$ cat coords-v2.cif   # mmCIF, C-alpha atoms
data_input
#
loop_
_atom_site.label_atom_id
_atom_site.label_comp_id
_atom_site.auth_asym_id
_atom_site.auth_seq_id
_atom_site.Cartn_x
_atom_site.Cartn_y
_atom_site.Cartn_z
CA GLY A 1 -57.00 -63.05 -96.70
CA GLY A 2 -55.85 -66.44 -95.47
CA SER A 3 -56.60 -66.67 -91.75
CA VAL A 4 -55.82 -69.77 -89.68
CA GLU A 5 -57.57 -71.99 -92.21
CA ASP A 6 -55.14 -70.90 -94.93
CA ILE A 7 -52.19 -71.68 -92.66
CA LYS A 8 -53.52 -75.17 -91.88
CA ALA A 9 -54.19 -75.87 -95.56
CA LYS A 10 -50.72 -74.66 -96.54
CA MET A 11 -48.99 -76.78 -93.91
CA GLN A 12 -51.09 -79.78 -94.94
CA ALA A 13 -50.21 -79.15 -98.58
CA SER A 14 -46.49 -79.14 -97.81
CA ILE A 15 -46.94 -82.23 -95.64
CA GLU A 16 -48.83 -84.08 -98.38
CA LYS A 17 -46.27 -82.98 -100.97
CA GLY A 18 -43.41 -84.04 -98.71
CA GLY A 19 -43.30 -82.28 -95.36
CA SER A 20 -43.52 -82.64 -91.59
CA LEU A 21 -44.61 -80.70 -88.50
CA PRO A 22 -42.52 -80.45 -85.28
CA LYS A 23 -43.88 -82.66 -82.50
CA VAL A 24 -42.57 -80.18 -79.92
CA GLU A 25 -45.05 -77.58 -78.70
CA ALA A 26 -42.35 -74.91 -78.43
CA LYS A 27 -40.82 -75.85 -81.78
CA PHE A 28 -44.28 -75.92 -83.31
CA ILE A 29 -45.19 -72.55 -81.85
CA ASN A 30 -41.89 -71.14 -83.13
CA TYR A 31 -42.41 -72.57 -86.63
CA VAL A 32 -46.07 -71.55 -87.00
CA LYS A 33 -45.65 -68.24 -85.18
CA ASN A 34 -42.45 -67.36 -87.04
CA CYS A 35 -43.62 -68.70 -90.41
CA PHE A 36 -47.21 -67.41 -90.34
CA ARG A 37 -46.76 -64.71 -87.68
CA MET A 38 -49.21 -66.78 -85.62
CA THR A 39 -48.43 -64.91 -82.39
CA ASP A 40 -52.04 -65.19 -81.19
CA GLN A 41 -52.54 -67.49 -78.20
CA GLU A 42 -55.85 -68.58 -79.75
CA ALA A 43 -54.28 -69.41 -83.11
CA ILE A 44 -51.37 -71.10 -81.36
CA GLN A 45 -53.72 -73.16 -79.20
CA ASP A 46 -55.75 -74.21 -82.23
CA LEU A 47 -52.66 -74.84 -84.34
CA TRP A 48 -51.12 -76.84 -81.51
CA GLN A 49 -54.34 -78.75 -80.93
CA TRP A 50 -54.26 -79.54 -84.64
CA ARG A 51 -50.67 -80.78 -84.45
CA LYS A 52 -51.67 -83.01 -81.54
CA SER A 53 -54.50 -84.45 -83.63
CA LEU A 54 -52.44 -84.36 -86.83
#

$ encode --input "coords-v2.cif" --output "structure tokens"
Amino acid sequence: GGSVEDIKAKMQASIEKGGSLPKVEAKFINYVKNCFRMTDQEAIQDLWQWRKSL
């Protein structure tokens, strides 16, 4: 379907078209997990690692 890659691309798309990602780990986890159901510790770790490098 979409996987983690789709989520990253979508977030990047919104960011490029006028968006922003929470700098807080907990706020980030809540946004990604709640928005993309990313409740997987692996996905959260990768998504968080991405935010840290983003």

$ resolve_selection --input "coords-v2.cif" --expression "the PyMOL selection byres ((chain A and resi 46-53) around 10)" --output "JSON list (two decimals) with C-alpha atoms, in the coordinates of the input"
[["chain", "number", "residue", "atom", "x", "y", "z"],
["A", 4, "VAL", "CA", -55.82, -69.77, -89.68],
["A", 5, "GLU", "CA", -57.57, -71.99, -92.21],
["A", 7, "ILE", "CA", -52.19, -71.68, -92.66],
["A", 8, "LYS", "CA", -53.52, -75.17, -91.88],
["A", 21, "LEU", "CA", -44.61, -80.70, -88.50],
["A", 22, "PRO", "CA", -42.52, -80.45, -85.28],
["A", 23, "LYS", "CA", -43.88, -82.66, -82.50],
["A", 24, "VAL", "CA", -42.57, -80.18, -79.92],
["A", 25, "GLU", "CA", -45.05, -77.58, -78.70],
["A", 26, "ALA", "CA", -42.35, -74.91, -78.43],
["A", 28, "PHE", "CA", -44.28, -75.92, -83.31],
["A", 29, "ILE", "CA", -45.19, -72.55, -81.85],
["A", 32, "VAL", "CA", -46.07, -71.55, -87.00],
["A", 33, "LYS", "CA", -45.65, -68.24, -85.18],
["A", 38, "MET", "CA", -49.21, -66.78, -85.62],
["A", 40, "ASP", "CA", -52.04, -65.19, -81.19],
["A", 41, "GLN", "CA", -52.54, -67.49, -78.20],
["A", 42, "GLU", "CA", -55.85, -68.58, -79.75],
["A", 43, "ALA", "CA", -54.28, -69.41, -83.11],
["A", 44, "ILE", "CA", -51.37, -71.10, -81.36],
["A", 45, "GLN", "CA", -53.72, -73.16, -79.20],
["A", 54, "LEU", "CA", -52.44, -84.36, -86.83]]

$ atom_distance --input "coords-v2.cif" --atom1 "CA of residue 39 in chain A" --atom2 "CA of residue 16 in chain A"
25.0 Å

$ atom_distance --input "coords-v2.cif" --atom1 "CA of residue 6 in chain A" --atom2 "CA of residue 30 in chain A"
17.7 Å

$ atom_distance --input "coords-v2.cif" --atom1 "CA of residue 17 in chain A" --atom2 "CA of residue 37 in chain A"
22.6 Å
